[PDB]
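First the structure, in the form of structure tokens, and then the observations on it.
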Amino acid sequence: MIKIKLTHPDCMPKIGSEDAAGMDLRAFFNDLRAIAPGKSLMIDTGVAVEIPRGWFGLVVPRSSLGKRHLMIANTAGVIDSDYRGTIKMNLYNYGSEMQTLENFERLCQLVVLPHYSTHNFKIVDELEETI
Amino acid sequence: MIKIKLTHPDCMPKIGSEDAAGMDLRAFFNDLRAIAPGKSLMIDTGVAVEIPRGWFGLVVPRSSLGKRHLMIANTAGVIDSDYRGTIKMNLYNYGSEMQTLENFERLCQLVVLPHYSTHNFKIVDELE
Amino acid sequence: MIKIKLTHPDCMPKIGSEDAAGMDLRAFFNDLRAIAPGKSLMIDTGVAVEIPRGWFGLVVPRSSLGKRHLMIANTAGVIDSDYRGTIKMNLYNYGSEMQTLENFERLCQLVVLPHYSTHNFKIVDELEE
Ligand SMILES: [Cl-]
């Protein structure tokens, strides 16, 4: 079970069908968020999560953001299972015109994925051949 | 097993070895096959997929797109296990020269991955 | 387990806690490199990996590269379980000011995730509803 702390009930991510890979995180701010071409603004979501250990949160743009020429500055967010702040979406305008955000509009998908333990490795001199 | 509907056999993804993470989705073009700097082109793959519940499809560029300065406009496709349309690749030219694409050229990769059930959550006042 | 071969000890990726999704891959080059607006550079990590079958490597930027307006030219690296070369990070500057990268600087994260076999499919005439 994932658990979710909402800074405000309207921050609640849009949940889809059972088959949905992700839930949509919403913008959360108290002033104008106007991302100029070639600039980025860190947009809070007002959603803080405990993602269970062994998993992590992948944050990517909603498909609607393609026509808006917004990307996450760091390409994709990676929310570790010990991260306790609210998720932030550092959104960059790679397009040619102003992008304005409406408070609570759904912007990014959060998909929770399993990951191999980063402790489970060994250093070696030679890798096994697959030529 | 993933069920795949092709609009035509030539839309068949390029499958690698057993160890390959992804399959290469192909352009299914009509007239426009070039993307100018700062422009985008919505490319149908002609591949519709039935992905088992509990998984999803991640659509990212092939590494060869790097050289060509093409990205997906929305960075990565997320194909839900109930999505039945064909997969689209909305490619944006972020570089400085035009990129001409050949029909059925391998552009993006589809990787099918597990995801947590988005219904499996609880809202909490506080958390540890 | 992930078998790792290092070109140089210092190429060792940064390992976080049990809670870390990925390990931080490092640049491996002698002098400081600068990447001008609109330009790209193919950074070797000096890390070759043997990822267990069933799994793959996803290489995305560190969150810190976001402010520096750097991306992987191909958006995200996909490391197959049969890839035996060193992982490369082809970094592109999409911003408007010069960025500089130093040796063994943590740049990208390598996350290792299960994938469905790409051989386990069937071409079908109709899908369900
Ligand atoms: Cl699509």
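Protein chains in written order, with the numbering used here: chain A, 1062 to 1192; chain B, 147 to 274; chain C, 120 to 248. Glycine included, every Cβ here is placed at the ideal spot set by N, Cα and C.
Asked, Found
"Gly223(B) Cβ short of 7 Å to ligand 1 heavy atom set", "yes"
"Other residues of its chain near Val1139(A): CB distance less than 8 Å, five sequence neighbours each side excluded", "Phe1117, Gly1118, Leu1119 and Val1120"
"Limits of the unbroken alpha helix (DSSP H) element including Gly1099(A)", "Looking at the DSSP string, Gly1099(A) is not in any alpha helix (DSSP H), and its letter there is neither H nor E."
"C-beta neighbour in chain B for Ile1076(A), strict 8 Å", "yes"
"Local Cβ density within 10 Å of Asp271(B), reported as buried at 16 or more and exposed below that", "exposed"
"Residues bridged to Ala1095(A) [DSSP beta-bridge criterion]", "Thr1161(A)"
"Chain-ordered chain B contacts of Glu245(C) [CB-CB under 8 Å]", "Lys151"
"Alpha-carbon spacing of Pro1122(A) relative to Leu1086(A), whole angstroms", "10 Å"
"Where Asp1080(A) sits in the DSSP three-state scheme", "coil"
"Endpoints, the beta strand (DSSP E) within which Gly196(C) is located", "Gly196 to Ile198"
"For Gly212(B), the first and last residue of its enclosing beta strand (DSSP E)", "Per DSSP, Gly212(B) belongs to no beta strand (DSSP E); it is in the alpha helix (DSSP H), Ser210 to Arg214."
"Rounded Cβ spacing between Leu259(B) and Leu237(B) (contact assumed at less than 8 Å)", "The Cβ separation is near 22 Å, so there is no contact."
"Endpoints, the beta strand (DSSP E) within which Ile150(B) is located", "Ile148 to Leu152"
"Per DSSP, cross-strand counterpart(s) of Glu169(C)", "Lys122(C)"
"Backbone CA spacing between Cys130(C) and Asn1181(A) [nearest angstrom]", "17 Å"
"C-alpha gap between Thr219(C) and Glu247(C), whole angstroms", "51 Å"
"Helix, strand or coil at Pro159(B) [DSSP, three-state]", "coil"
"Any C-beta of chain A under 8 Å from that of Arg225(C)", "no"
"Three-state secondary structure (DSSP) of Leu1188(A)", "coil"
"Proximity test, Cβ basis, 8 Å: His127(C) and chain B", "no"
"Short CB-CB distance (under 8 Å) between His238(C) and chain A", "no"
"CB contact below 8 Å: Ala222(B) versus chain C", "yes"
"beta-carbon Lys151(B) near ligand 1 non-hydrogen atom, thresh 7 Å", "no"
"CB contact check: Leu232(C) to chain B, cutoff 8 Å", "yes"
"7 Å Cβ cut-off: residues of chain A touching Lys186(C)", "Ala1134"
"Nearest candidate by alpha-carbon position, reference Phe223(C), set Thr164(C), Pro156(C) and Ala155(C)", "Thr164(C)"
"C-beta contact flag for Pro1074(A) and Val1108(A) at 8 Å", "yes"
"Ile1184(A) beta carbon near ligand 1 (any heavy atom closer than 7 Å)", "no"
"Residues of its chain near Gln228(C), where Cβ-Cβ distance is below 8 Å and the 5 sequence neighbours each way are ignored", "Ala140, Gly141, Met142, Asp143, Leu144, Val178, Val179, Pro180 and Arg181"
"Per DSSP, the bridge partner or partners of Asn209(C)", "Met161(C)"
"Proximity to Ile123(C) [Cα-Cα], best of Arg203(C), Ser183(C), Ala153(C) and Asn212(C)", "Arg203(C)"
"Chain C contact for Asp1080(A) (CB, 8 Å cutoff)", "no"
"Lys1128(A): CB within 7 Å of a non-hydrogen atom of ligand 1", "no"
"Chain A contacts from the stretch 140–161 of chain C (Cβ-Cβ distance under 7 Å)", "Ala140, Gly141 and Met142"
"Cβ-Cβ separation, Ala1134(A) to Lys158(C) (assumed contact under 8 Å), whole Å", "With a Cβ gap of about 18 Å, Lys158(C) and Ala1134(A) do not count as contacting."
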